[PDB]
Each structure stands twice: as structure tokens, then as C-alpha cells.
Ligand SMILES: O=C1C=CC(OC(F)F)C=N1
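The chain below stands alone, shown as C-alpha cells; this is the form solved without the named molecule.
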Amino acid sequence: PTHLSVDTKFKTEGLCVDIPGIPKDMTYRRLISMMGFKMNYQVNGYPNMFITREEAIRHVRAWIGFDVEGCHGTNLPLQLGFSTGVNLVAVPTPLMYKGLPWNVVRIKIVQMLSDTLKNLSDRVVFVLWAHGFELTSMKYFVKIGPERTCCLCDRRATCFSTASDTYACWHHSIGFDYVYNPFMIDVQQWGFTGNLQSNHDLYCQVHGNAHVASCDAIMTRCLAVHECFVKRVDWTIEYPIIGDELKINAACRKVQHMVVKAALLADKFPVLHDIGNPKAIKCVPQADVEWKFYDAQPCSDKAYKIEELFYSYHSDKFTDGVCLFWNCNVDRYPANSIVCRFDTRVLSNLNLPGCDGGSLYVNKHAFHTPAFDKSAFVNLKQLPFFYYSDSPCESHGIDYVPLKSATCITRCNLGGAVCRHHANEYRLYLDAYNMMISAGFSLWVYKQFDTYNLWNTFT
């Protein structure tokens, strides 16, 4: 039970308006054959074009919703829609393109998937709400065979060229015309009552239906992401490193210790209510403060209602001391809070678009995060950048230029001039901070927070 068997049954009901008379009894084997593909009994790493739901989830970075609308059938033109927003009209002779024959349409398909996926995945997974034309049109831009490697590198082959009879990964596909060994999954195989728009609209208001194929491709993938990452949560599934994952997470841990440590020095809160991940550790283990923990798993549907986290009768007096919501998404934060809230709008290779305004943040694990809402922070202010250090001014051990900054809160800066050690740490902390901000995180703090109260901790 690692791969999807070709002898598995395929429910064909959703395919009988474009394919009238299609048999009720159908396996993937007969379906791939009907699509115009010969599998030849190949034990070379590609057992089925279609994949399991578990395999689709392990490869979410590769998802591209795909839908074809019969615009007028190898007589009528076909509008090919993709969840990237692209609409290509192929003739059999929001980005809507005019009718062009398959030989040029296929070149555009390879460019679009290559530029979209080269930094995300080693493959493409076509997410469908299959009715007929998308499966039958796959023979016009897809070639299948044994698993292969790139002609220019050691990555897996995702594209083929008829002009040169060579294979390439997403990075080296310039000029390639065919999609090689793609994967696909039909959402309509998961047991849905009603059409695509009806099932999608139950959970999302962001994606409308402007009746173009790309609208259905977007709603398809959005619904597939809700089923796999909103209503079903699997935090065990590990995901390959494709970017700045380790630096972003190290930066987040440094910023948390910094922001919280300074807050406890500046306003000397007797108690700290730490609301969030049930596996949390005290980020400032030397602080005098009464550290109280409360468990709240990363919500993936709607942000927590502050009235349910705190009320119905815990320390109970959350109003006493300070509240820390580190990556804990609530609808309206209290005034006495330190908050790290991820911005689902951020454009990055880690953050994939999600359902109902949310985003799927993929960094080691997959976390669907609810839509950003500036109203959550009405009782708070944006946390300003600062670097605080009580460590001794001692070098031990990178050519220097004197650091001069009003945001370097150290004994040396108070006393007149920043020492080398603290200037190395400042520039390092500023990089880790900038790294965290770029990854999409936001930092918010109680309105009375003032970095001025930190200079007095050097009496």
C-alpha cells in the first residue's frame, strides 16, 4: 500500500456528459488506455499516472489545478485552465489567451509549469474535478515512459523535447514541448455530492466563478487543500527543504527569546500566560516570571475566538501579567499581549495559496493558516526593531566598520560606543529579524512597550 494500483476502480459517473456511454466498471488501467497512453507493463518507477490521496499530500507543492472546458472535441476549440490563473485556447486545426494549435499550446504549458514549479517540486500533480475533456486532452501535451533524469543535471525528468529527443527537469526545460511523466488526482473520486462550485462554496468565499476554466482549476485545488489540510490535519508528514527553512526557523527562535526577554525586563510582569502549541518550551528560561502554559494546536480553519480560549471558567486572570501568542491565531488579541502572527499574503516558495483567504505554509510540516486580519491587533501596536544584550563586552575570536545605531540597546552604546562583539551580534540579529519578516511573520506588542525602559537595566 505505497502506490495506487492501476486495477483500482474509477467512478466514471462524473465523466459521462463529455463521454456518454462510458462503462460504470472501470479501472485506472482501462482509463489510462482510453486516454491514449500505453503503459507497456513497465517496472521503471512510474506505475500509474494517477496517485493516492496520501501521495498527493506528500507532494502538495506540485499541485496545479487543471480543467478543460469544451469552448464550442477535435472539432471545437478547448479552453485549458490552470490554477496559476492561465487560460490557453487550443484549436485542433484571468489571463485569457487566443486560439492556437496544440503544437504551440504545449510549449506554453511546459514554460508555465517549469517557471511555477522549478523551485517548489520535482514533479507536477494535476488536481482535477474530472468530466472528460481534461483527461482526453492530456495526450496532446503529455508523454509517458520510464523514470528518467535530466540531460543537463541529476534531477528527475519532468519535460521532453521532440526537437532534440532529450529530457529535462523544471530548471533545464527551455524550449521543451512535452510534459513528461506527470501525476494526477481526481477529487471527484473522494465521494462528493453535488458539483464543484457547490462543494467549494461551502468552505470558501475568495474564489468566484467567472465561468472560465481557470476558475474551476482554482476552486478544484482550493477544495483539495481544504479536504487535505483544513478538515484533515497531518503534522507527521515531513517536507523537503527547498529554501531558507532552517534559517527562518532559527531566526524565529532568536526573535522570540529577544522580544520576550526584553518585555519581562522592561515591564517586570509577574506572570506570563503562554497560549499556543502544546509542545512549547519557555523561550526565556532564566526569567523570574511565573510561566503558565495553555494548549491550543495550530488552527487551520478559522482563527480562535478569544472568548473560547479564555472564558467558560487556568490562571483565569489573563488580564494579570502578559499574554504570549507565538503563532497562535486568535480573532482579537488582548491589550496585554506579545504576538507573532504569520501573514498569509506573503509571496514566498514556502507559502502556497490556500482556502478562504488562508495559506498553506510549508516549512518541514504543512500548516494551513487562516486569512490575515489587521483587526486582530486593534488593542496592540507594531513591534519596533531593537537588539538588547546584557552579555559582557568581550570580543573572543570578519573586518569591522564602527557600528552606530540608536536600536542597539547595550552597556557599550549607553556608555558611548558599541564594542565589536555587540556590533557583530547586532548585525546578526538584524539579519535573523529581516529573515523572519521576509518569511511573512508579523510582530505585535502591548501599546505601553517602550525600548527606553531597557537602558535602566544597566544600573
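When you see a residue number, it is the position in the sequence shown, counting from 1. Only residues modelled in both forms are compared. We call the rigid core the largest set of C-alpha positions that still match within 1.5 Å between the two forms.
- Going from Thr93 to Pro94, the model skips 10 or more deposited residues, which lack coordinates.
- According to the PDB entry, the deposited sequence runs on from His365 to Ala366 with no residue lacking coordinates between them.
- Remark: stretch with higher mean C-alpha B factor among 299 to 307 and 379 to 387 is 299 to 307.
- As the entry records it, the average C-alpha temperature factor is higher for 225 to 233, out of 255 to 263 and 225 to 233.
- Note on the listed residues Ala250, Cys150, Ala217, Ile109: the highest Cα temperature factor in the record is that of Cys150.
- Per the PDB entry, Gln42 shows the highest C-alpha temperature factor of the residues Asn48, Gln42, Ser33, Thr410.
- When all modelled residues of the chain are sorted by CA temperature factor, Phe37 is found within the highest third.
- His396: CA B factor lies in the highest third for its chain, per the PDB record.
- Split the chain's modelled residues into thirds by C-alpha temperature factor. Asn75 is in the highest one.
- In the deposited entry, the Cα temperature factor of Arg155 places it in the highest third of its chain's modelled residues.
- Residue-level temperature factors show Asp122 in the lowest third of its chain, judged at the C-alpha atom.
The form solved in complex with the named molecule is left out here; the points below concern that form.
- Overlaying the named molecule from its position in the deposited complex puts 3 or more ligand atoms within 2.4 angstroms of backbone or C-beta atoms here, which marks the pocket as blocked.
- Among heavy atoms of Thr52, none comes within 4.5 Å of the named molecule in the deposited complex.
- Residue contact with the named molecule in the deposited complex: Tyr46 places a heavy atom within 4.5 Å of it.
- With a 4.5 Å cutoff on heavy atoms, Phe37 counts as touching the named molecule in the deposited complex.
- Among heavy atoms of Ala432, none comes within 4.5 Å of the named molecule in the deposited complex.
- Looking at the named molecule in the deposited complex, residues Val6, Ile32 and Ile144 each place a heavy atom within 4.5 Å of it.
- For the listed set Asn44, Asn434, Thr27, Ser33, the sole C-alpha moving 2 Å or more between this form and the one not shown on a rigid core superposition is that of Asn44.
- Against the superposed rigid core, the only consecutive-residue run (3 or more long) showing CA movement of at least 2 Å between this form and the one not shown spans 42 to 44.
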